[PDB]
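Structure record follows, encoded as structure tokens.
All Cβ positions, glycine included, derive from the backbone under ideal geometry; neighbour counts span all protein chains shown. Bear in mind that the values in this text are calculations on the coordinates, not laboratory data.
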Amino acid sequence: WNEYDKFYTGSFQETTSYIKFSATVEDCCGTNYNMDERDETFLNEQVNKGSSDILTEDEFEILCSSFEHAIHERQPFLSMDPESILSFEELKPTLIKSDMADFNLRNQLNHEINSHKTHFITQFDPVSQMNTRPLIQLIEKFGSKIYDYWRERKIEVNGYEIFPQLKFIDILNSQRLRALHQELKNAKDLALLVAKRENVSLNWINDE
Amino acid sequence: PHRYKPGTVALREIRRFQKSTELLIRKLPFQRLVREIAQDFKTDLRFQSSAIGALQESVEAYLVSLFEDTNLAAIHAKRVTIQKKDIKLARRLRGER
Amino acid sequence: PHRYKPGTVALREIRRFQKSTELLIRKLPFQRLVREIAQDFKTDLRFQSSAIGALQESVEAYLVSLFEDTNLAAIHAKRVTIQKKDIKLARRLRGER
Amino acid sequence: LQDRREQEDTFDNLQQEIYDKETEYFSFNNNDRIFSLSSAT
Amino acid sequence: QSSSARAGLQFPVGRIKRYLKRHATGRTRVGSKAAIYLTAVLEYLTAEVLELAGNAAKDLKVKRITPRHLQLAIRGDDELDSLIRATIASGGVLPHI
Amino acid sequence: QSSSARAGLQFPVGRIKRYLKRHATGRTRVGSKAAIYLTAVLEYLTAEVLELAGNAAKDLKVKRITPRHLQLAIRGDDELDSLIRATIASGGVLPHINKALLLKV
Amino acid sequence: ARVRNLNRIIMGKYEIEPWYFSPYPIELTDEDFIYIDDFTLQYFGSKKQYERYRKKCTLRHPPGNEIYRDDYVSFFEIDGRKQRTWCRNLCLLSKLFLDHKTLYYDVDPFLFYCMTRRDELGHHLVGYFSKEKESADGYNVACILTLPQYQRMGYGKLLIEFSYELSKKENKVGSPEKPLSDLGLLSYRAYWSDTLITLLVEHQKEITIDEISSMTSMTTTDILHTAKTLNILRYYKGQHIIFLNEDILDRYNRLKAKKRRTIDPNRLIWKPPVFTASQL
Amino acid sequence: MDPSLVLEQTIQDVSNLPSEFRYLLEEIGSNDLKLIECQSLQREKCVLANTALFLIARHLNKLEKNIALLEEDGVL
Amino acid sequence: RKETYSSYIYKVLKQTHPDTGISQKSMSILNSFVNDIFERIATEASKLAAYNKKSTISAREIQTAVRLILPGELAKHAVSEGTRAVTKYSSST
Amino acid sequence: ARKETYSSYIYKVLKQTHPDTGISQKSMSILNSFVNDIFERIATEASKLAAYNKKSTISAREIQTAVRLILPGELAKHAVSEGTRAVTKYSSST
Amino acid sequence: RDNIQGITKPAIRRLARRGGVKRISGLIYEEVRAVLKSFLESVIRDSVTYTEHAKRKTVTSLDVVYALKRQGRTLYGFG
Amino acid sequence: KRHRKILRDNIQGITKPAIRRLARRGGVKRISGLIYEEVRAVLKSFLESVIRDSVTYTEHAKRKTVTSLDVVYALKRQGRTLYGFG
DNA sequence: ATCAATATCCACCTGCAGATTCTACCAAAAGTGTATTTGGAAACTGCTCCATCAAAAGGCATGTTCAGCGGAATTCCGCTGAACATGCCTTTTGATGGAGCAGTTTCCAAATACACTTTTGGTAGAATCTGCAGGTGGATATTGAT
DNA sequence: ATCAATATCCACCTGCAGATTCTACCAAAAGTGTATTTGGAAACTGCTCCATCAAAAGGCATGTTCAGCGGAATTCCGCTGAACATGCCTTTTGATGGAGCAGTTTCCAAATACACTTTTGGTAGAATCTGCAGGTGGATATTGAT
């Protein structure tokens, strides 16, 4: 009964009328990953020798998630097969299209604004998600160092996985069903009432 | 030499007769009534004491039932009196003729 | 096509419906009603169409009897229409138990 | 030019073409529909 | 010769005989003196077809179809106090407002 | 020596079995498993008399006699309908007054 | 193996020795520890991660719409259709707490309402009660259970006197079933004791019995159970429908303490208009 | 079947969502109180503003895949 | 059972006024009437002969039964036609 | 000079539940008429359904449905319960 | 001569007030005599045909309690 | 699996205002409203009071349909016999 | 006063539908004839309950005043018949699944019936206490005058 | 509100009808083994019948609006029950006769059984045709705003 304040950071603000909310798990919780403890600190064992570029604690937690989205979504019939998936250089088409924590259905209408620092910031991923670094570039940068650990990781249990699981007419009716699309753009464009405020509001002081 | 409020001694009359249970009609005029109303069907009958007793408690039971449902029809009629029309209409809508 | 006084097409309708002889509540919603107030007692039973026919004529005879004696209650009450108080009055001194 | 004139004149009418597509309910009366969008200022 | 049709009453005295025997419980039934009964089921059943000579006297149309049968029983007050217990199917109500 | 009251019952099995042979619109009747019924009257004469002395002590008369029967044989809510066709002899009528008459006039 | 699984489990802010077995994921039993936090509800067994792996998410508040709010405890509403997963694990949060009802069929067709403490950072659940969609067998509520850290300040009672308010906020009566209650046997009896005496103090009497169901939605088949749970409330109907009484009133004078477990009847609707005829 | 059962179910996941045009304004209508009278908390206006259509964009996953199931029958 | 009172109510309607016609469900109406009145007289006749500690049924207790369960004028005409037909059976052996 | 009533059995059932009781013979007659005509009531309707169910042995289960059928609800439920336990304890003829 | 007037207006006044009436309108007396004679003749006719059956030319209590058990008004106590 | 057959156990107590036809089969004039809910309640009461002892007759008869004969016997002993329909 | 379009009764023709009258199996109860059995009819005897018959007192009867009461009327208003325009779900006829009834056939637990044989529950007197019915009397609760 | 005037609640007093044990007795049955004859529990398998289910046609159910009248409230205003009180009227009591109720023994008669035919009445194959239900246009009430 003293473990509280290391996982009790955060802030809070009260209500204005009532706390209305709606989400799912996999768009509120954001990421999807999972680790052991014996890969937390000594899978990066001798990385102190050769840490010229990035080597921190909180930068390898995102790309430990993305690769196992190939198995459970792109090949759902793969239920017990040990000769499971193609190698890391052979799964290169699985990075141009994927669904890692539902990425590209979150990143499809994200480049029409181009905010001055960087674009989309949501209140439904945690506070420090930018130098939590983009995996656009880190498959070809340090993608190989996580694969062979994974390539032996799943096969000790090979078909289910060691983290827990869940044990065992046309007429006049579908016409408003497409007339629920005159909201085609009408929410973000008057979110763009003030979502063009910020690219020049942030920097009024630079005459001095 | 003192006159009560009108109708307030009626309520203690009905409490007095309702708490008590004895056979409230008097027996021998009823006994002469049942005898010379039985005379019409064949003459020269005689009775038994428990028989005429059964007749008198049967008729006070049926009479008290018809009085309570005509009273309840009366107070349905926003009316604290019972008249000919409500006893015969209660007589009808409890079914029998 | 100017309208006459309010009421006489209703009274012509009561003479029409009274002198006629058909069944009046429409049959398949009543069949659904007797089903889904029946299977709550015990799980799935089946019927046969003459039995549910007998159900609907029995219930229409019963509540037309209930409406005729509540009509006599309403005409007792120095009124021309019916309310809730005369219908539960009529069912009360009917003696539904 | 990026510090002096752009910051409101390109923002004076974008907030007022809402008034042709708040009329998207017609094609209840609700002409003075102030439910959701007219008071965002 | 044939025990019913010699006897001038033409309902089957043989078939009324065992229906007492299959039902009554004093376990011996008199043979000839059940005939005295089924006179009555002739005499009652005449007395609801014979005053169903009203339709052939006033209701104009000859083969007697079952809403005709609601012009004798309750409606004809002499027969009412034998058939309150029965509610006839698809007949209706005698007209009154 | 147990004379057939040995299903925890205390009503005469022999006379109810002879009376079902007495009534007997049919012919035969199950002399061992007619015990089912005279135990069933053991409920609702006791559950009639257990509510009898349920409030017969509230009138403080120890030999319970005819009026207090009706004062909840017809006020007991569900034993009313099993006795509605009866009007028991000289047992009184319940104390009830409609409150339209009691209005302080 | 109907006993609690392992020897110590924390539920967010305090450790709870659980009561019974749950259909928990089996393979976490060989290590001796299982622990679980408040709002993610995703299961673990070692504090090696959620010491700061609850930087998985910034969820402070559940997606139930907080439908009441007061000085002290709020509550909200979950349906099993707009969410599929964390709606499900809240029962398996407490199938180790509940004695009988466990899942084989999936828990989707039940709306799910959960009582909740206000907190300095994110408001934490205490109870849960489970209304079905419409007219299972009547039975306006189902499984009701409070989190075992936080009883005896009286907060486990006021949600079973919220439960009857959303019956005439839809205008049909309702009441629970039998299934079993020795754990809270007098608790719903305690509110059904004082659901009537607190609102029999105004009647201008000669009042019937069935309008109580029209005004407090507590049904016709259990008013008489509460009219005999306490003293004599009869001896007047004898030729009609049941009549109710009053007495020397040593109750309302005791209704000054243990009275403030109330609700403000002032908030939003709860009709699900859709049908969703479920078959599987 | 492909019209019939697949008709309406894209509205009860939007039955929670008339709330988007009623989530949003009164806290933009409470942070206009912060600028009517130096850039301390003024950053976070956009980061709840940009979440306007973001789940409607997740509905735009569904409300354009259901349109993309027009061709699942030969008529439509 | 597999029995009826059909042809007997046919012939009684034909021994009265021959013009009319028995209909489809009316025979079931009259059959229900005759079976219900027979079951009625049978149960009260059996109970009469039961409670007077007697051990057979005769003519006279069903005579008193059918007097016992009718309106007066129809009972008198019924018992008259009853005595008439039972004595016409008694005339010839 | 021979006639048989239910006097002593009703005396013993109600002294056995409540020992501080006494009975007038008028109230004993009122209960005798009670038990007698509810007996005849069950008898006639039970015999009627066993008649038209193509049957001749008057068995136990039709009087079980009979006592469910004419007795009102809650007392019918308790009645069929103690009848069930009665024929249970009589079947063990030990 | 008549003796249905043998029952008197305080007696049926009491019999009414046992039911719970306050007011008695002064002409209900003759038809309450009428309804009493109607019920009483309807019960004594089947009682007298019960006693005319059994060859005893007196009534008893047993046949009149069986007669009330006939016509839907079963009295108790006396049989 | 399937384990349960379809049930529309919902608001069927709204039959119709054909109570405004069968009222007019009786002699009643204008009807004043606000009686429809308790006349639907009493129709529900009488129907359940006849169908539950009819289905006790059926479940006694070891069957699991009802027929016309046992339901006309059911309302025959219930106090008023439907007549000539079985 | 009065015409107004609306609804009502009637002769005339038309599909259809179930009486209805053989044909006849045909299966099966019913008339008829014994043999003997137990139950009803009549006569009796006598022990009663039913009828009827005189002297103290409470409950009916017939009054008179007066005030709660019902009845009549009259106006005010919400709420109900009636109409119309419209949605909806009945509303009849096929259609295949599929099964629970139902007749038959079957073997077997078990209720009837029977001589005996013991207890055992009515009953009828009968002590005999006692529970309460009635009466008297003292005090707090209830109701009307002012 | 502040007492006179009823009266009911409580307690105590004796008398007496009467319930409760009791208990012998005892005629009458529960209750006991012993075959036993058959009605019933169950199980076979054919198959009529219920149950979902659907497509289109259309009467009919919901909603909404408008005019008005029936309900209801509140009133004034004759009148008839209620309430006392005295006068009387038949009651409610104890006391002496007498025809039926309720036992019995015997006489015969009528219903059991049982079987031997045998008409007869249920069933359906099925004519048939007319008695209805229904349209449809020709005479006649229908009861108001004007």
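Out of the residues in the range C:1-49 meeting the condition of being in a loop (DSSP other than H, G, I, E, B) and of a type in the set (G, A, S), tell me which one is nearest to the other protein chains (Cβ to nearest Cβ).
Within the range C:1-49, the match that is nearest to the other protein chains (Cβ to nearest Cβ) is C:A38.
So, in the range F:1-19, of the ones that are more than 9 Å from every other protein chain (Cβ to nearest Cβ) and surrounded by 18 or more Cβ atoms within 10 Å (Cβ to Cβ), which residue ends up farthest from DNA strand M (Cβ to nearest atom)?
F:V13
Of all residues in the range F:73-89 being in contact with a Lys or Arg (Cβ under 8 Å, 6 or more places away or on another chain) and not in a strand (DSSP E or B), which is farthest from DNA strand M (Cβ to nearest atom)?
Once the filter is applied, the top-ranked residue is F:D81.
I'd like to check something: does the range I:46-55 contain any residue that is surrounded by fewer than 18 Cβ atoms within 10 Å (Cβ to Cβ) and aromatic (F, W, Y)?
There is at least one residue in the range I:46-55 that is surrounded by fewer than 18 Cβ atoms within 10 Å (Cβ to Cβ) and aromatic (F, W, Y).
Tally the residues that are away from DNA strand N (no atom under 12 Å from the Cβ), more than 17 Å from B:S20 (Cα to Cα) and either in contact with a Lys or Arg (Cβ under 7 Å, 6 or more places away or on another chain) or not in a loop (DSSP other than H, G, I, E, B) (or both), restricting the search to the range F:37-72.
Here the count works out to 16.
Could you pull out the residue among L:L34, L:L22 that is exposed (fewer than 13 other Cβ atoms within 10 Å of the Cβ), within 13 Å of DNA strand N (Cβ to nearest atom), of a type in the set (A, V, I, L, M) and facing chain C (nearest Cβ under 8 Å)?
L:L34
Do we have J:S81 as assigned to a helix (DSSP H, G or I), more than 7 Å from chain F (Cβ to nearest Cβ), out of contact with any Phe, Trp or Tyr (no Cβ under 8 Å at 6 or more places or on another chain) and within 11 Å of DNA strand N (Cβ to nearest atom) here?
The answer is no for J:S81.
Go through (1) within 21 Å of C:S65 (Cα to Cα); (2) within 7 Å of another protein chain (Cβ to nearest Cβ) one by one and return the number of the condition B:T81 breaks.
The single condition B:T81 does not satisfy is (1).
If we scan the range E:37-53, do we find a residue that is among the hydroxyl-bearing types (S, T, Y), farther than 25 Å from E:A89 by Cα and within 13 Å of DNA strand M (Cβ to nearest atom)?
Checked against the condition, which is being among the hydroxyl-bearing types (S, T, Y), farther than 25 Å from E:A89 by Cα and within 13 Å of DNA strand M (Cβ to nearest atom), the range E:37-53 yields no hits at all.
What is the residue count in the range F:20-36 for residues that are facing chain J (nearest Cβ under 7 Å), within 13 Å of DNA strand N (Cβ to nearest atom) and in a helix (DSSP H, G or I)?
So the answer is 2.
Only one of J:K26, J:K15 is more than 8 Å from chain F (Cβ to nearest Cβ) and either under 15 Å from F:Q10 (Cβ atoms) or within 13 Å of DNA strand M (Cβ to nearest atom) (or both); which?
J:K15
Can you tell which of L:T65, L:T56 is more than 14 Å from the chain's Cα centre (by Cα), within 30 Å of I:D36 (Cβ to Cβ) and surrounded by fewer than 13 Cβ atoms within 10 Å (Cβ to Cβ)?
Exactly one residue qualifies, and that residue is L:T65.
Out of everything in the range B:67-78 that is more than 7 Å from every other protein chain (Cβ to nearest Cβ) and touching a helix residue (DSSP H, G or I) at 6+ places or on another chain (Cβ under 7 Å), what residue ends up being farthest from DNA strand M (Cβ to nearest atom)?
My answer is B:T70.
I'd like the full set of residues that are part of a strand (DSSP E or B) and of a type in the set (S, T, N, Q), limited to the range G:84-136.
G:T116
Search the range G:68-91 for residues that are among the hydroxyl-bearing types (S, T, Y) and pair each with any residue that is surrounded by 19 or more Cβ atoms within 10 Å (Cβ to Cβ) and in a helix (DSSP H, G or I) when their beta-carbon atoms are under 8 Å apart and the residues are at least 6 apart or on different chains.
Within 8 Å, the pairs are G:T85/A:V25.
Do we have B:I82 as under 21 Å from K:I28 (Cβ atoms) and away from DNA strand N (no atom under 11 Å from the Cβ) here?
Taking the combined requirement at face value, the residue does not satisfy it.
Output the qualifying pairs, or none if there are none: Cβ atoms under 6 angstrom, residues six or more apart or on different chains, first residue in the range E:42-67 and under 20 Å from I:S32 (Cα atoms), second residue of a type in the set (D, E) and away from DNA strand M (no atom under 14 Å from the Cβ).
E:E43/I:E81
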